[PDB]
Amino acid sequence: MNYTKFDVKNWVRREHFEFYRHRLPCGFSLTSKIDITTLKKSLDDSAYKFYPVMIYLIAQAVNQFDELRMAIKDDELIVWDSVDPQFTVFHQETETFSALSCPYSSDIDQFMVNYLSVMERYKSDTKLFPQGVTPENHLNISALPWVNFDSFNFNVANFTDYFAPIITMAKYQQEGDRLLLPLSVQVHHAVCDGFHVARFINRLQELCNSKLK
């Protein structure tokens, strides 16, 4: 299979996992600003577009840390070998959105081909899920390109055992010499502590500051 059953009995976080899963169930969200000044220049020197690149980079960073790819399957804790991005697409015509997913690839060029191909095929489909069921091994990404925000939070009436991270980006803005992008990350505390979120964000910032290929 594409997942491994995680060894909960010998995990250093086993007490935290039961505590935040069942004793005091909770998740948290944080919004931080990533510096995309360097990424903007890399983009300027290429034919890639902003949204797909951010999807790629967020998926790449998630795909590096196990704690962001956990799930309960058959009542057991597993880690997906890899997760694919599920992202939102806006339809100008109806002013509604759809969620699509495409296979992740560590090759940026192959990722771009997967993306354009899904986009090609469902750009006109207004169902909420044009592809049908969401793949179990997913991460959620969404964008609000029309407004800048300093904070974002989802208030969900039930999030029991749902461990996939939720990432939302706003419109970026010029903050003196820098171009900053607000990014909100929302996770379940059973699998992620503040350290793990900070580590994901720091790694995404480094990827934004590195060559695309």
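Residue positions are given as counts along the sequence shown, with the first one as 1.
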Exercise. Got a sec? Mean C-alpha B-factor, which is higher, 96 to 104 or 71 to 79?
Worked result: 71 to 79
Problem set entry | 80 to 88 set against 133 to 141, stretch whose average Cα temperature factor tops the other in the entry | 133 to 141
Exercise. Highest Cα B-factor in the PDB entry belongs to which of 178, 33, 188, 171?
Worked result: 178
Problem set entry | Ranked C-alpha temperature factor of residue 200 among modelled chain residues, by third | middle
For this session: Would you please rank residue 159 by its C-alpha temperature factor against the other modelled residues of its chain and give the third it falls in: lowest, middle or highest?
Result: highest
Seminar exercise, completed: residue 48: C-alpha B-factor third of its chain, per the entry, is the highest
Exercise. So where's residue 9 on the chain's Cα temperature factor ranking, which third?
Worked result: highest
For this session: Please rank the C-alpha B-factors of the chain's modelled residues and tell me whether residue 63 sits in the lowest, middle or highest third.
Result: middle
